[PDB]
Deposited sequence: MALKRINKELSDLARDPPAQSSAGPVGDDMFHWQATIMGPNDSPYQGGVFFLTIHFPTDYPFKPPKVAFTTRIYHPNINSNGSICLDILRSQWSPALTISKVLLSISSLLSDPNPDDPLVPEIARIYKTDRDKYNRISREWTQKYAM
């Protein structure tokens, strides 16, 4: 079942590859690689991710953590991602690619109200240009 869901999603991803994001087994653990979306301070960065599928997937959200350092309020140093669809708003009907798109959107629009690193959210709220510059510095430093 859960393995069947993983295989079906892998087949659909192979049939419907995204423009930038990509992931695959390296079954219940996947490595995810996403390009830093343009029009953002992280544009051009290549971020690697680890995916851990629970035994009751898709009925439970998967365990996914960032493995590329990034300057973002909702991402800590350990790669944890504060995402509602990862914690509360998870649905089995969701797809991994939808999660990747949501991650890209959150990267384009950080949520300073529920961040993982409060200092990054502080910089984001107090100086948008400073947040963009430091985010680009981090993207070049660790994701490029």
Spell out the unmodelled ranges of the deposited sequence for me, N- to C-terminal, numbering from the first residue. 27-29
